[PDB]
Every structure is written in structure tokens, then in C-alpha cells.
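So the protein sequences, as listed, match chains Z and W.
Read left to right, the first sequence gives residues 1 to 251 (this note's numbering).
Read left to right, the second sequence gives residues 1001 to 1251 (this note's numbering).
Protein chains: 2
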Amino acid sequence: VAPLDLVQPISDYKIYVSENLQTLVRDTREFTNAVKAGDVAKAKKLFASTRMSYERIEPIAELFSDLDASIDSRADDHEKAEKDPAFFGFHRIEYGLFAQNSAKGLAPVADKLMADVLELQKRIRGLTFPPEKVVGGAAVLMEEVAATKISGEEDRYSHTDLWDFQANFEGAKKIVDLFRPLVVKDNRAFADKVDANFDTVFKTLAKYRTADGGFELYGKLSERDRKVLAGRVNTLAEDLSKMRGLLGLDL
Amino acid sequence: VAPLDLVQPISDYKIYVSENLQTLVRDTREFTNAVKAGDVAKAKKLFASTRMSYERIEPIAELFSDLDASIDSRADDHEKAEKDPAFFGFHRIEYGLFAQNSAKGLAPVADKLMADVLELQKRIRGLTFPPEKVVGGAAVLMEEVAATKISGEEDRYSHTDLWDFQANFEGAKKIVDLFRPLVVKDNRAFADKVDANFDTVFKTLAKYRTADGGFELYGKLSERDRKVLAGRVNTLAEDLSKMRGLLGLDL
């Protein structure tokens, strides 16, 4: 595996991240002004959809730790939970729109979210992507889904976790797809296994679609379902970690 | 497994974390004093040993994400690498001590490191430990070791990564030990599997001990050894992730 063969998947990945960041800015803009307009109903329907682009690019969340916490921290990440006035980002807006059914005082929160998402796009715009951060970061994200998100920690008020899970998996599959030509050269069997493992997980999530094609609220997933999902997602984390090694990225 | 059965193990875990925090505070004071005194050689000798207590309590790192960044961020997490003004903590000092062999300009960095460590101890004292954070966070730490730390990213200048790894594994093992009385009731086979898997990892690291009982610098680990280590460590993440579900923590 020549390191030069890595440049082109990475350049392709940055384009993928860039376009998703474009969607996020656009969507966050439509999301915030809706919150600032006081329309709770419209903003609630835009919550998961806006966050989709963010959840897709989280395999490189390590490269913007500061922003990730400002944008996507949960209440349990703060000493005084929801009440904490230093609690900003999506899940603070989420608490307002979904738990208390009101947009009260979310104006500075929405503007902060906008600025952060803009700073995020800018930061990543001038960021070069180490392939080990991309592949390795994808592995960690999968483990985070299975081991830290599996009870619905991410969306405790909207319970739209399945949308986020789907986006996380999509974001990780993109990385797998891009690096496949390199992997399949000396590890075709493993490459096919990784694809099959993602197919298994996507199909698992597909069970929880609704009649109109949406997702069920995460509370509908039983304990047995969650434990099964976590195990299959762990396989994805395992795959991506081994993939890093096979790409020669351990040096 | 009833949620009440989790109360005492968590209480014993916080004691464990608190004790390591006490050690960390004492060690950091000795370490930072050497740095401010301009004793490069002495500070270098205390680098890994001071960081031991910190690396032990990293399974709950998400419960102090801001401080974790201030204390332990690496150069490649910032846009302008080593010279980035936002680059503080252990690895900012590590660069001066090991790469530049100088304590020049490290005194204010040493002051901040002390303040942050002290703030870390304070934050954790008034913090409640959710058992899902402890077990799930341990699983993530393991994946982080296997998928992100595996090429020696953590200690790029001192290459004392094996010391950190050993500490990470002990920290995760403590969590395993604490919940074993609960797991082994209806999952004895699994409990012994986890113990065996950790034994495999510890024994792997034992290979890289030196004559006087120290550790090899991380550059000594071949690519092959790193890939094998990652695989075995991934098993630990899957164990811990599965353990979370077995403890009833997916609800």
C-alpha cells in the first residue's frame, strides 16, 4: 500500500465533508431563524434533518473538540444538567423545543449555534485531513454509538436518535467506500466483509422505519433490540480499526 | 441486575478515581515545579509517571471534555501544531522538554496545567457517576487506544505511549473488576472471557518491558506488533460495550 494512493480518497473525503458542511450551514440557517421566528412546530421538524449533516461528518470530531462541545454537548456533560446556562448548541435548543414546547430565550443560543457552525466550516476549510484521523476517528464514532449512545443519550427530548445513528453509519460507510480500491488489492475478502457488516447494520435500523418512511422514536426500541444493535455496531468499529492497520496507517 | 446493585460499585469507583486524582495533584506539583525551576532532566523523568494517574481515569473523560482538551490535547489537534497559542497541557510541555530540551517559556504553561488539574479534581468531587458513562466510556477509551493512539500520536516527543496504554488498561480493568460480582451471576462465561482478554493484552505489553523493568520507547514497536495490539485491544472495547448491555444499562 503506497501512501500516495491515500491522497485521492482523502481529497474526495474533504469534498464530502465540505458539501455536508455547506448543507449544515444552509440547514442550520433555516433552523435558527425558525427558532428566532418563534415557530416551534417548524423548528422541531427541522431538528433531526439539520443535524444529519453534522452527524455524518463526526468521524473527524476529534479535530474540532472545542466546537463539538459548544455545538453538540448534552445536559449530562454539564455539572447542573439542563439548567446550566453554559449549555448551548443543538441539545439546548432541543430541550426548549421538545421538552418545554417553547422557544423562550433561544435567540442567543441559536445565534451562537450559527457562529459555531460557521467557525466549524471555516476551521475544516483550512484543515488538512490525516488519513489515520479519518479512518481511526470513524472507528471511535462507531464505538461511541454502540457504547455511549445506545440508550438514547444524544436526544433525550426529541428521541430522534435513529436519524443520528443512520447519519453516523452513512458517514462511516463513505470512508469505507473511498478506501475500498486500496483495501481490495490485498484484502478483497475483508473489504467484502466490511461492506456486509455495514449492510447488516443498515438493515437492522431499517426495521424501525415507519409507514410514512420516517423513524420510530428511540423509546420504541426494546432492550434486546438495543443490545443486538450495539453488538453489530461494535463489529463496524472492529472493521474500521483493522482497516487503519491494513492501510499501513499504524506507522 | 437491578440499578441499585450498581450503586456500591460506582461508589467504589469514584473512590478509585478520587485517589488517583490525589496522586495526580501531588505528582503534577512536583512535575510543574521542576519545569518552572528549569530542570529539564528531572521533569522528563517525571513525565510518564505523573500522567499515570490521569490515563487511569480516562474512561470517564467525556465527563470533563473541556479540561481533557486543556490538559492533554496534542499538537495535531490544532491548526498551527506545536506553535498554536491554544496548545497547552502535558504535550505542550512535552515538546519543550523532549524535542527542544528547554524549559524556556514553559512556566506559564506549567501554571495552567496545575490550575486545570486542580479544577479537574474539584469538578469530579461534586460529580455523580452514571454507570453507563463509566462502562461505556471505558469501551470508547479502548477503541481510542486501538484506533487513534496506535501509531504513537499521544506522546510524539517522549514516545512514552506504552506507559499510558498500561494505565488505560488498568483503568478499564478496575471497572471490569468492580462489576464482576454482578456479571458473574448469570454470565460467568462472559466474565471469564473478559478477564482472559485483558490478560492477553497485559501480557502483550509485558513483551516490551526492558531489563530494569521499564518500557521500550514506542518507536521500537514494529508495524506488525502495533496491528496485533490494536486487534486484541478492540476485543476489550467489545467486551466492555457488551458488559454495559449485560448490566442493564441500555435502558
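For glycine and all other residues, C-beta sits at the position ideal for the given N, C-alpha and C.
query: When we look at the beta-carbon of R244/Z and count the other beta-carbons within 10 Å, is it buried (16 or more) or exposed?; result: buried
query: When you compare each of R1209/W, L1205/W, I1071/W, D1039/W to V1228/W by their alpha carbons, which one comes out closest?; result: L1205/W
query: Give the DSSP-derived three-state secondary structure of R209/Z in the structure shown.; result: strand
query: Are there 16 or more other CB atoms within 10 angstroms of the CB of residue 1252/W, so buried, or fewer, so exposed?; result: Residue coverage of chain W in this structure runs from 1001 to 1251, which leaves residue 1252/W outside it and unanswerable.
query: Pick from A1075/W, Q1100/W, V1001/W: whose alpha carbon is nearest that of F1088/W?; result: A1075/W
query: Identify, in the order they occur along the chain, each residue of the same chain with its Cβ nearer than 7 angstroms to the Cβ of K173/Z, setting aside the five sequence neighbours on each side.; result: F198
query: Grab me the residues of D1195/W's own chain with a C-beta within less than 7 angstroms of its C-beta, minus the 5 sequence neighbours each way, in chain order.; result: none
query: State the start and end residues of the unbroken alpha helix (DSSP H) segment that holds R1156/W.; result: Segment: none, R1156/W is in no alpha helix (DSSP H) and carries neither H nor E.
query: Considering just the uninterrupted stretch of the alpha helix (DSSP H) at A107/Z, what are its terminal residues?; result: 107–125
query: Between which two residues does the alpha helix (DSSP H) holding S65/Z run?; result: 65–72
query: Is it the case that the region 145–162 of chain Z contacts the region 15–32 of chain Z, given that we only count it when at least three CB pairs across the two stretches are under 8 angstroms?; result: no
query: Figure out for me which residue from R232/Z, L67/Z, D164/Z has the closest Cα to the Cα of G152/Z.; result: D164/Z
query: Can you give me, in chain order, the residues of the region 217–231 of chain Z that have a beta carbon less than 8 angstroms from any beta carbon in chain W?; result: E223, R226, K227, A230, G231
query: Can you tell me whether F1215/W is helix, strand or coil according to DSSP?; result: strand
query: If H1159/W and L1217/W are in contact, beta carbons under 8 angstroms, what's the gap, nearest whole angstrom?; result: 4 angstroms
query: May I have the straight-line CA-CA distance separating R188/Z from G248/Z, to the nearest angstrom?; result: 16 angstroms
query: Please list the terminal residues of the continuous alpha helix (DSSP H) segment that includes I1015/W.; result: 1007–1037
query: Do three or more CB pairs link the region 1126–1133 of chain W to the region 110–119 of chain Z at distances below 8 angstroms?; result: no
query: Hey, quick one: how far does the alpha helix (DSSP H) through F1047/W stretch, first residue to last?; result: 1047–1056
query: Kindly list, in the order they appear in chain Z, the residues whose Cβ is closer than 9 angstroms to that of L1249/W.; result: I150, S151
query: Does the Cβ of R1209/W have 16 or more other Cβ atoms within 10 Å, making it buried, or fewer, making it exposed?; result: exposed
query: At the level of alpha carbons, what is the spacing between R1226/W and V40/Z?; result: 51 angstroms
query: Using the beta-carbon of each residue, which ones in chain Z are nearer than 8 angstroms to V1140/W?; result: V140, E143, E144, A147, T148
query: Which class does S241/Z belong to by DSSP, given the choice of helix, strand or coil?; result: helix
query: State yes or no: is the beta carbon of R244/Z nearer than 8 angstroms to at least one beta carbon in chain W?; result: yes
query: Check whether the region 233–243 of chain Z touches the region 1235–1243 of chain W, taking contact to mean three or more Cβ pairs, one atom from each stretch, closer than 8 angstroms.; result: yes
query: Could you tell me the distance, in whole angstroms, from the CA atom of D250/Z to the CA atom of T128/Z?; result: 19 angstroms
query: Between the alpha carbons of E1170/W and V184/Z, how many angstroms are there, rounded?; result: 37 angstroms
query: Assess, as a yes-or-no matter, whether the region 39–55 of chain Z is touched by the region 7–25 of chain Z under the definition of 3 or more beta carbon pairs within less than 8 angstroms.; result: yes
query: Take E1058/W and list the residues in its own chain whose beta-carbon comes closer than 7 angstroms to its own, dropping the five residues that flank it on each side.; result: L1141, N1168, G1171
query: Taking a cut of 8 angstroms between CB atoms, which residues from the region 79–93 of chain Z lie near chain W?; result: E79
query: Here's the rule I'm using: 16 or more other beta-carbon atoms within 10 Å means buried, otherwise exposed. How should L113/Z be labelled?; result: buried
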